[PDB]
């Protein structure tokens, strides 16, 4: 509720980017208590949907799902300041995020190549914002639509956080070594170098 009202205030205000203003087109009641769809806009084009769960605490923690990205706008949106502002905004209201990566070719390619989720273009954006636990879902559309998502979470403790980063170091070490293309290696090196501060 406190959370509900501040998601609406920011969104109804609009989020400013160099790609256009991101606006709430329409809000929608979900399956459950505390669950809403927010249909978003970028400069008068449809952008994407946010599936929001506000929390029913001890039982269910809050989460956002970012999906339904307008393929006409994939090349405007991915790697943009609009996307940064979006994830920043959601970062301040959610400890768990799912982003659909299907329309994001760079992240797609990097995951297919074995890049750790946190060090993929999209994963890395979430990493910068404090999400430290990563799961890559790659289920065939064909079987079930909507199963190419990164799930990311903030560490519960300074202990879980340390464990998440130790695993990331291992995963990175395994990638170097498996990787055959020096350009992909340099890009992953430089994301990992960021983290190391």
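Numbering follows the first chain given and starts at 1.
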Quiz item: Comparing 73-81 with 99-107, which has the greater mean CA B-factor as deposited?
Solution: 73-81
Practice problem: Tell me which of 50-58 and 135-143 has the higher mean C-alpha B-factor in the deposited entry. | Solution: 50-58
Exercise. Could you look up the Cα B-factor of residue 14 in the entry and say which third of the chain it sits in: lowest, middle or highest?
Key: highest
Exercise. Rank-wise, by C-alpha B-factor, drop residue 165 into the lowest, middle or highest third of its chain.
Key: highest
Quiz item: Going by the entry, which third of its chain does the Cα temperature factor of residue 148 land in?
Solution: lowest
Quiz item: How does residue 65 rank on Cα B-factor within its chain, lowest, middle or highest third?
Solution: lowest
